[PDB]
Every structure is written in structure tokens, then in C-alpha cells.
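Take a look at this one chain, the form deposited in one PDB entry, written out in C-alpha cells.
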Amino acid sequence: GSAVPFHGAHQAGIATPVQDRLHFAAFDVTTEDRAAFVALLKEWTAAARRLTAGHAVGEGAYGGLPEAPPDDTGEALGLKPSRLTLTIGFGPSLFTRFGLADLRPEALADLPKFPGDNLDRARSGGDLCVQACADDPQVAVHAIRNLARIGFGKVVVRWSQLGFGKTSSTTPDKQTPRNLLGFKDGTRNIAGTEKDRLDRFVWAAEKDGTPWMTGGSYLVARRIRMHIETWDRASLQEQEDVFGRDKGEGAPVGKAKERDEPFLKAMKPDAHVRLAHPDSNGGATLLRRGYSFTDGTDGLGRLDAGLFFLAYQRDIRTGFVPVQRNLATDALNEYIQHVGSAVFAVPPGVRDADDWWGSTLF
């Protein structure tokens, strides 16, 4: 129920331990006024300082002038901060505005078309995004709602996604959660304490060639539908072959414990873990931080389930792209379909109370 510090060299919500709930919103910008947008970024930062500490935005949720609408919408009154983090990112489309063209990072690469892609253009892209994570879904929703409210007339929500439960882990000392296929998801990830691996694989560095991004990261979001009818009639051996780990313990095939190291030669050549593993991709490593979702029925008598996949990396060209290219023959492809996509540059952290989101860009 505690708070996660908001200030830092990096934004919270990446190496932070993975909270139970997600509310992710992508915003489109609707103002041409650079100064207006900078003022928005500063107002948003002030709101975020309150929200992550469990305080109401502005003058609060009541006790103001009767004839005026309250500053804070109020549905989080009395709740703890609940480990709320708020992480902002900038989409490639943003750099066509406010004369930012020359400032677009090289590592903010557009993704190529991948085989099997069925991307819904409505639930894709976006000028910027805010990832709200908390252990309380009301806390996460209240944050997105109030950021959207403050930005009325300068940004509009393009699409959003709620994740009802995590399918990732940055804390290998706690239980690994399971995705909706029933497998543990997050065993071999980067941990928030492996400072060296975060510097190597996650945080942009000055020498990478975009100085304002130093201390930030790059995010890939992929909305992935799961064919659960198909999966649920597959044999247990089939399910375990697809991944290369057994379902119960989550151990690599042939080994006894979840965290024993995989021996890749023992897995099928098209097993997911075998193809995604750093050793199969020249060392490419990702920080996965995704969440499961279900959005009702599919109108055909079935539950509609999926995984909202989020990966942070130092450079999209050396993280997500090579691994996803190596997944072209993945046995998992039979059971999933990518239906939404977006990339964002996640700027460095807000260094102190006089700093603000995006200060190093603007």
C-alpha cells in the first residue's frame, strides 16, 4: 500500500516491482502551441507528484467553491497510494510537431511488418502515452481520468487498455505470475536490482547519440489476442512443447526447478523459449512488463482473452525487433495474433520538485 518515489534519474514504473493492475492510455495531441503543450507537461507533473503520494490533485476533491467543479474527481479519496507509478512516453508521430523533427531518436524505430500481424489502426500508435500501474485498479483509473481531464483541449485519448493482472516480474525473489495460457511468465527477465543489466539493456546512454534521452528507455507495446479455444483443446504435451518448459513447475524441459538454466538443445527447434532466448539472438535481452486482459466476449460464444505485451529496451533496433524477427517460426504463433502496436520514447526521470516531464526535450 506504500508509495513508490516519483523523483529519480529514471522514471518509476520500469524497474519498479510489477504492480497488480494496469491502465495504459495513449493520447493524441490537439494543440499547435508549443508553449501550451509545455505548460500541460508541467501541470501534469505536478498532478503526478500528488497522485503518486496519494493526495488529491489541485485544491482537492471537495471544500472548494460550491459553484465550481472540484479539482480532483474524488473517487480515490481515502485510498492509499497503492504503489502507483506513472510513466510517460513520446510517440514518433509527436516529433512532427512543435519543430521536434531533428530531435527524434534513432533508436525510436518504426517497427517493420511482421508475419501474422493483424494490427487495428484505431488501437495503435499515439503521440504519447501514460502507463499507470498500481495494486488498486480504482487508483490507476483515477490517475488516468484526472490527467485526461487536466489536458482537455490539448490532448485526447486515442485508445486505452486495462490489464487486470500482471504477467511479468522484476523481482525474481517473489512468485512468478501466470498468463492466461496457464504458464509462469517472467522467470528469465531483468530484475530491478541487476543494475549492470539495466544499464546494458534498458537505459539509454549519452553515447547512444541522443543526449536528451540519456536515462530514459524505449517501449514497445503489442496487444496480443490468444486463441484460447484452440489452446484449451491442445494436449498437455503439446502445450509444454510449445514453450520448452513444463506447466506445473515451469522448469526448462528436463530440469527440476523453475529457475534452473534452460538447456536449449533439449527443446524443440521452434519452442518459444529457445527462439526468444538471448543466446539465440546474439545477446538481445528485454525487460518484459506486460499484463493480461479480457474485454468481454467475442460475440461467438467465447471469452475474449489476451496479453498486453510491454517491453522496455535501450534501443528498439537491438531489443524487440531481432527477438520478434526470430519468432517468425515460433510454435506459439499457432495460438496468438498481434492486433495492436505502438512504440514510445520514455524520457529520463523527473530529477526533483523543480523538474518536469520532458524537460530535457523541451
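Shifts are known only where both forms have a C-alpha. So that there is no doubt, residue numbering starts at 1 and follows the sequence shown. By rigid core we mean the largest C-alpha set that fits within 1.5 Å across both forms.
Below, we turn to the form deposited in another entry, even though it does not appear here.
The residue that stands out in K166, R274, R223, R245 is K166, the single one whose Cα moves by 2 angstroms or more between this form and the one not shown on a rigid core fit. Cα-Cα spacing of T170 to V350 is enlarged in the other entry versus the present form (difference of at least 3 Å).
Between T52 and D173, the C-alpha separation shrinks by 3 Å or more in the other entry, relative to the conformation displayed. In sequence order, the one region between this form and the one not shown where at least three consecutive C-alphas each move 2 angstroms or more after rigid core superposition is 164-173.
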